[PDB]
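Protein sequence lines correspond, in order, to chains R, U and Y. Using this note's numbering, read the first sequence as starting at 1 and increasing by one per residue. Using this note's numbering, read the second sequence as starting at 557 and increasing by one per residue. Using this note's numbering, read the third sequence as starting at 1113 and increasing by one per residue. C-beta: ideal position from N, C-alpha, C; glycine also. Before any comments, here is the structure.
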Amino acid sequence: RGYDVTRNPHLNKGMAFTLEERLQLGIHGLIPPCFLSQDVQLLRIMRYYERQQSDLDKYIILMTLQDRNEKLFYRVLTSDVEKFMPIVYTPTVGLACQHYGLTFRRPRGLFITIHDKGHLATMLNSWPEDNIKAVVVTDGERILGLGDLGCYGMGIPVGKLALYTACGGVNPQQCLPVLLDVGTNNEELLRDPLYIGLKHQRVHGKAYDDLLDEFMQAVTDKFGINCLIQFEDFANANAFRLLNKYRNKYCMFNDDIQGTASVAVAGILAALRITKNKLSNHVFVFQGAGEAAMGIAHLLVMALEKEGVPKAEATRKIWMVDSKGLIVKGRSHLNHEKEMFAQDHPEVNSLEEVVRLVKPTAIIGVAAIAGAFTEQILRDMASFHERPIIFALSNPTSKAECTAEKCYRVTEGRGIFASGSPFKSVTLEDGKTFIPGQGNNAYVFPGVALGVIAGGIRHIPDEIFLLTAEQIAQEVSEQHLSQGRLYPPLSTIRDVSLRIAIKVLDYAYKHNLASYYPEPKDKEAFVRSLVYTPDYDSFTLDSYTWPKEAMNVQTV
Amino acid sequence: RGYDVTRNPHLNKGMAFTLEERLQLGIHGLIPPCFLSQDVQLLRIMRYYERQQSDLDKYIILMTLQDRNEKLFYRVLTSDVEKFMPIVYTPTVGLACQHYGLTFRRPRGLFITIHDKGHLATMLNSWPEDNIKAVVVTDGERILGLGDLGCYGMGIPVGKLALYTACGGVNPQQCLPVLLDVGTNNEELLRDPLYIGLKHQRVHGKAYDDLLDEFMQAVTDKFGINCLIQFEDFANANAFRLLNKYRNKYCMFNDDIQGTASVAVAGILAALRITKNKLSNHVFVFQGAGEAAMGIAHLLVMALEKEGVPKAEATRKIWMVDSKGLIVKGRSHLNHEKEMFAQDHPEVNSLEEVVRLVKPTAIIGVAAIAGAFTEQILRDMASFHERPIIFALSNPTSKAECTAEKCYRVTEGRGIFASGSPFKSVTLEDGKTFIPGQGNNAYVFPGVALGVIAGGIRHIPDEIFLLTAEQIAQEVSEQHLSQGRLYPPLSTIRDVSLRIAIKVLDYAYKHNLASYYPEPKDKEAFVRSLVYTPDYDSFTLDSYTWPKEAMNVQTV
Amino acid sequence: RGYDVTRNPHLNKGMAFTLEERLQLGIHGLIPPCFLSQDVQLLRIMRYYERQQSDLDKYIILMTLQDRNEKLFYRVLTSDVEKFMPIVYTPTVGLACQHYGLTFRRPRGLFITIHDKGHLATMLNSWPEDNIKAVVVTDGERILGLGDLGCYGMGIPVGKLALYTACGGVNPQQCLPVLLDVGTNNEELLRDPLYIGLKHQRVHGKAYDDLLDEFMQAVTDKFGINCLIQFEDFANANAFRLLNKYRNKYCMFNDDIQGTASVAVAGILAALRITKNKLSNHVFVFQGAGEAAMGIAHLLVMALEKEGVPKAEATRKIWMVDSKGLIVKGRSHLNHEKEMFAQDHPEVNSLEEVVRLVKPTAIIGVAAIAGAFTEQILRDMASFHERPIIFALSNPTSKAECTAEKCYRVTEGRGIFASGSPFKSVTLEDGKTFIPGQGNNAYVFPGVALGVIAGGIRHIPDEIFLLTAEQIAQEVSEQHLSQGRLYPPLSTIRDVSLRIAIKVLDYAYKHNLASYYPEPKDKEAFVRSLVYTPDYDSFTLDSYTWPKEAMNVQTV
């Protein structure tokens, strides 16, 4: 195809094109006279990558590599996914969003604005790839820890899709990052000469609803109803509203809502293997938030009902506390969702007296307030239940409800701890050394996405996410459970994803949800056939001959 | 896209490109300074078309028009489909096959040979269109009335696909004509300097079976398992064997076997509306052949069982005679299929004495022997049953079992006649004027194909063809039934196809056969959205603006 | 390049693509499984070509072949150029122009209209080839023998360029046929539903002059000042005016004016070899017309001055007669050009008495009136000069000034005859058998065009055409001169063109007219390197390797 082969990141191999490939593709001379394996390209990229003194510069190098040679980009990522996941995605992707340096060389993503309503199909036609299986659309309104970033949020889909392939196995060529720019309510960005967005207040209401309706409709008209559409950092109100709106109409899901809940329930079910106790013999106190503990609570209720527990006594075991006390009948501001987990109980003021009042086996704290798990709570919880469960799932480590070493000291080294912020290994007296598990959304969305794209699943119900949580809980080995670790190491995420992708797939074929008709007998080898690998293809034409008489030139 | 727009038949409009379209596409100057509607282009094509003195020259003009401007080609066809169906398809397409003049200007079709086994996916990649919904593959072994034509048979898929769109509504851009060249057992073609084929004896056996297996596998790998694959004029042995082989593995069907049977049963069910009698009160005598009367018999048995008649007494009403007499228990050479319709009965020698012995209401003659319906048979059949049924379904009019005016005279103008060869209107005494129906395969395969492609039906069972026959039987009006016409006029085929395409579609969604998930509420308007029309598209870019501030160029 | 290779006539070889070429180009399967040499393709085209009963159908086949496979098209033409020159060019090209059947499948030519003034560069951009060396622009106003054809005249450039390559050697890919549609003064075409033109009266005056000025300017801006621009059948007034306008500004020439004169002077100089006499010992009587005998007279005067004859006594030997008698000082309507060849002489009324009065050695009759060379003129001319010269250069054989057998009888078989209309061999008594030469413009314009394009000649002066006439005169062998033949057989035109192309080239480098700088030592082998041959190229990639260590893949 000539010089254009070296500009296509999905085709360009750089100095890994063999001489025959260079001669056949018509690109001989455009590449230095050096023929390299992908391993040498990887070591050269690593040598250049360690020269940087900041995470933003590492991000720039990785995004440039993705713009040049995407197979080498995913070779880099999958080489050590634990060390590049925080660089191409959160936390570094947000710090790069807020501090864009006109980064993306190759157009990476589709910017669809509110002023394009009615012409979204024409904009989808701008994307070069026309066989798209996954779409990660963002609004830029609630970037993790950064707030409203508007059009700067494009790095978040681009990043998360990079994890669809590095962690899952999704082809990074049927993936499309979309940014719906409806304006931004960020005065810092509005008064900025280097802002690349619309520079007006964020549109809301029926115009916004119609924009997203037409977006889902156009994406499914162009790419099929099986196109997996994931909603990225939308505002929690918009997030949950649109999730309930498009849940059963499109192959849509939300990772900030459902992936987080799945990871939390996976940690809980993994801790169940430490306590050697059934989920039915548990009671949960939460720190409810704006669809943060609500999804975890619903998924945990589903896990309870799975064991043959009716929904009534299943939701009986859930208590919610948020800056006001328990959720009892019509306390002050109970909404239609808080009343679902409302216990008819004396109104309790704060956390300490409810942890004392009902003896909890697991406290799941996601409230974005620090130190909410005071020492006395940990101590009397360890006294109540041997081997309790403490979940400081707040993302900002400065705002975590507890800390690893605090939980392990005050509980005398028998409190199963897990967080969402990186806590280093805690070594205590009595030889008690713990590796506290780190809950990561990359455990759920890559495997679920790979299974959904492999099977052509039409809708992603909550049963799929409970199943994902169960598989992740089964991923942890006994050796890691002894170390107090609740999630499998990220260095195995690929394999984990595969397993999830199979189980999900199984479910979809057991409940008539998958569209892929031939119904593979070996779903393991079927999913393995769709897993994208960074290994280079061969660009040499397949030559063959005919049996010497059918091939005759037939001269007169 | 420039000069290449005028070389693409699916895009080129010739002198129907408006000046703005010519300027936007960069083709201004390449087209004469004449701007035409499609009606003027149609009248000019017609004026040039009537200048020809042979049907082969008309075929050359139509194929050239298809190579130039396919929307005008299908405008021509759909303008008067009754007069162009015998030109782009049988009988003229065979006479053009045997007398090729190096016709096809644009590459129209894919020639896959036996010597390409193992590399068929690479050959499928040669086809420019990559979204293919229908594949009409031929072998060239049993072209209608012409015999083994080998690689000359390419005109038959190309022709039949032209009827998929002219009669049905199928997009003639997701249609792919394939010719599997395995050699030819035609000495006239082997010893021919102008033959375009392989020039060796036709390969058979396991090599041929493996070639077709790999062909179906490659077609479904590249184009999906929902790709409709129709088998064209294969040898009847190969035809039926491959039909039973790939019937339930792929979306495959055979029109020479199943479409013919559907048209015959449609004529029978339409004659049922003349006799005002139920199918249960009928007995059928056939002229069995090599899967010609066998398919009609099976479909008629299915029609009988549909009325709550058990299969035993249903197949009781079928008698088969072929140059040997009845099919009674082990007469001389009963196969595994003849024994299915075998009656325990005294062995009868010829046709006359079985028509006398069991009084038949319908004689379905497809045996390729002439005059087999002698005068005495017609007369005593008219005497036995008032308003009998005579079916001379033999294609060569020189070899038809009976004739229109003969059947109408000897039966005293009350014998419902139908054929497969064109019989002109018969005017008799007593003012008896009859328009004998002409059974045409174009009544079945376009509508069935449109329904299958619209609904993504995975397999085409015999119930679909019985349903097609029922719909076609319902297509005939009472005014035409009074004239003794059993099939709707071809000038309405489009509409007929649509109706079939809907009913088929209904069936597929009632029996969980369709893959298209969203499950349209209005299947009529859903199928109408996929019907291809010869009306030109607009090649003008959709221009629009932004609200005057988001569109600001933002100068420093 | 895939399926698009088979749509490019300059690349498509049809069934002459070898299996390796088909596999490398990605076109395997699109072509029948038959591998042919160009000789078999030629014989198949010939077999299909002889089936036609009209010249228009032969023209349609040849134009279709040019639209499919242009190398095979020029193989056909150059195979027997004498039998295809009257089919792809005059006289058949005009009969096809007037009787267009919406012929050209592939866009063949550029239609630039008067309403495109100011945007001609954008229209030149529509032509796919961007390296153009020759442009044959027509107006359609004075098609040979057909009159104003307007936009139907596009076949005339397309035809003449086909002779640039079949007769000359010009690459038919740096050739561009242009039609300047300024309207048409043809009421038959204006009131015609199938006319493809502008359908208004022909624009003239300053608008037309500005259109042609901008056309020459745009053609030379896009394709260089060395682009050879030939003016086709313009009106003689417009023809001569534009010729004098753009003669010394662009590489422009006119074949209806200058090629005709060159062929006539070539016939005269060839007859000089029969009379064994120098041109100085000759006197010429003409039948002057609207720049028909004027160009011949000027070129003949130049030939005279070449022999060291001053211009005065050189033009002394020219006499002009047109329906009024001689051209003497201010007879009735002498223009500024007739006065140049005006002799101070008694005013003569008709032709007979001037042929009697001044004894002419050569009568050059181009006046489009029949029988103007009456028997007595031929007889007394044969009596005056032994071995006279008679030139009935009128194109319509019905309007030729004389006839072959008449000239050969009345002159007693010693009158050197030549015409522009095909006169068959004349066999007379005394064993006198003559093959009268047929003057053809294809003797001049292909060779001159090939030399001009090879050398990058900037302007084509009249010296080049006199030199062309001299070379053509030298082309005739003594054996043909004995038969009374004055022009070489067309079956050698290629070679003739080459020789002309060299001599022209020599002249251009001797008078500092050629732009090609390196100044070839062997101009014969230089021109032979640019001669286009119908032989197919090889589309196989040039594969090679490196010395086993520079080619190492260099694994870690």
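- Counting along the chain, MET1235 of chain Y sits inside the alpha helix (DSSP H) bounded by residues 1232–1236.
- Take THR1118 of chain Y, set aside five residues on each side of it, and the residues of its chain with a beta-carbon closer than 6 Å to its own are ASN1124, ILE1139, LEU1142, in chain order.
- Taken in chain order, the complete beta strand (DSSP E) segments of 3 residues or longer contained in the segment 142–186 of chain R are 175–181.
- Residues are counted here when their Cβ sits less than 8 Å from a Cβ of chain Y; for the segment 531–554 of chain R these are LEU541, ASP542, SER543, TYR544, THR545, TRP546, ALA550, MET551, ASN552, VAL553, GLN554, given in chain order.
- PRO1074 of chain U belongs to the set of residues whose beta carbon lies under 8 Å from a beta carbon in chain R.
- Less than 8 Å divides the Cβ of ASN1298 of chain Y from the Cβ of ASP1260 of chain Y.
- DSSP, reduced to helix, strand and coil, places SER981 of chain U outside both helices and strands of the structure shown, so it counts as coil.
- For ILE1226 of chain Y, the closest of Y:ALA1208, Y:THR1296, Y:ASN1624, Y:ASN1283 by C-alpha to C-alpha distance is Y:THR1296.
- Excluding sequence positions up to five before and after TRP1431 of chain Y, its CB lies within less than 8 Å of the CB of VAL1395, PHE1396, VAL1397, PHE1398, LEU1438, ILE1439, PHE1453, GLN1455, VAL1466, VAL1470, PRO1472, all in the same chain and listed in chain order.
- Of Y:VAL1668, Y:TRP1239, Y:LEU1256, the smallest CA-CA separation from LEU581 of chain U is found for Y:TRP1239.
- In the DSSP annotation of this structure, the continuous segment of the alpha helix (DSSP H) that includes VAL775 of chain U starts and ends at 762–779.
- Between the segment 652–668 of chain U and the segment 618–637 of chain U there are three or more C-beta pairs closer than 8 Å, enough to call the two in contact.
- Burial is judged here by how many other beta carbons sit within 10 angstroms of a residue's own beta carbon; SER1655 of chain Y has fewer than 16 and is exposed.
- Taking a Cβ-Cβ cut-off of 8 Å, the neighbours of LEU198 of chain R in chain U comprise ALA1106, given in sequence order.
- Collapsing the DSSP output to three states places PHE526 of chain R in a helix.
- Under the 10 Å beta carbon count, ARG1611 of chain Y is surrounded by 16 or more other beta carbons and is classified as buried.
- Per DSSP, reduced to three states, the secondary structure at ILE1139 of chain Y is coil, with no helix or strand assignment.
- Counting C-beta atoms within 10 angstroms of its own C-beta, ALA859 of chain U has 16 or more neighbours from the protein chains shown and is therefore classed as buried.
- In the DSSP assignment, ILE435 of chain R falls outside any beta strand (DSSP E) and carries neither an H nor an E.
- Using a Cβ-Cβ cut-off of 8 Å, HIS675 of chain U counts as an interface residue toward chain R, since at least one Cβ of chain R sits closer than that to its own.
- Against chain R, the beta carbon of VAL1188 of chain Y has no neighbour under 8 Å; the closest one sits roughly 15 Å away.
- Excluding the 5 residues flanking it on each side, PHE1496 of chain Y has same chain C-beta neighbours closer than 7 Å at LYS1471, in chain order.
- Rounded to whole angstroms, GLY1567 of chain Y and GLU1344 of chain Y show a C-alpha spacing of 23 Å.
- Going by beta carbons, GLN1164 of chain Y and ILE1173 of chain Y fall inside the 8 Å limit.
- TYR507 of chain R counts as buried, since at least 16 other C-beta atoms from the protein chains shown sit within 10 angstroms of its C-beta.
- In terms of Cβ geometry, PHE391 of chain R and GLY267 of chain R form a close pair [threshold 8 Å].
- The count of Cβ pairs closer than 8 Å, one atom from the segment 1572–1591 of chain Y and one from the segment 1635–1652 of chain Y, stays below three, leaving the stretches out of contact.
- Annotation: the continuous beta strand (DSSP E) that includes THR138 of chain R extends over 134–138.
- Cβ proximity to chain R below 9 Å picks out nothing from the segment 1387–1406 of chain Y.
- Going by DSSP, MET937 of chain U is part of the alpha helix (DSSP H) stretching over 931–940.
- Against chain R, the beta carbon of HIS671 of chain U has neighbours under 7 Å at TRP546, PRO547, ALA550, listed in chain order.
- Only residues of its own chain outside the window of five on either side were considered, and among them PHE973, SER975, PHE979, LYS980, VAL982, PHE990, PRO992 have a CB closer than 8 Å to the CB of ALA960 of chain U, listed in chain order.
- Residue contact with chain R for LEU1135 of chain Y: present (Cβ-Cβ distance below 8 Å to some residue of chain R).
- The three-state reading of DSSP puts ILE1056 of chain U in helix, counting H, G and I together.
- With its beta carbon less than 8 Å from one in chain R, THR678 of chain U belongs to the interface.
- Residue state for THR1667 of chain Y is assigned as coil, using DSSP reduced to three classes.
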